[PDB]
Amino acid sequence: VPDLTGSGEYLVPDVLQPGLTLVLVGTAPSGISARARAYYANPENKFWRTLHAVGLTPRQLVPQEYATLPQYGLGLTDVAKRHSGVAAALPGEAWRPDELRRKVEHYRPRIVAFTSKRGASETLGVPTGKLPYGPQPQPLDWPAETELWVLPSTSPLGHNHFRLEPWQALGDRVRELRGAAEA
């Protein structure tokens, strides 16, 4: 399994460990994210606000706090780890859903939630037009106790098509899992 920095090749470390409730998977770090060595660092990207809004986190983290997410049972990675920029501009070799799948198999998070259709589409091999938001039918193949979700992009270019429902449902689902855990 790769280490969290991909032996120093990754632009920004993975946040991954056994026992996580939810790993949020993007396409690739924006340029701003790569330069900041953080996640969803573009100040107009709604991701950090959204996690707070939906109670995945109790405060709005700043991008540089991204690695603290495991204290809330959350982790982070991307389909493309060695390149930055917008999906359309990435070289084809940027996308490594194979490395993602190896990580998921290793760490066994309860949920993998793609933070855009494009990331889910690069991984699942289904065109974005075919993917609903929310939980996906349990696919192929994948730890059965690892549910798969597709979420509306929080990127500024999507303010647009952005919808809170899938993110709040996810928030509720994480609450429900972490609460069953305790009971």
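Numbering starts at 1 and follows the sequence shown.
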> On average, which has the higher Cα B-factor in the deposited entry, 152-160 or 31-39?
Replying inline: 152-160
> Between 66-74 and 140-148, which has the higher average C-alpha B-factor in the PDB entry?
Replying inline: 140-148
> From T115, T123, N45, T50, pick the one with the largest CA B-factor in the entry?
Replying inline: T123
> Say you rank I111, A88, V79, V104 by Cα B-factor from the PDB entry; which sits at the top?
Replying inline: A88
>> Going by the CA temperature factor in the PDB record, which third of the chain does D172 belong to: lowest, middle or highest?
In response: highest
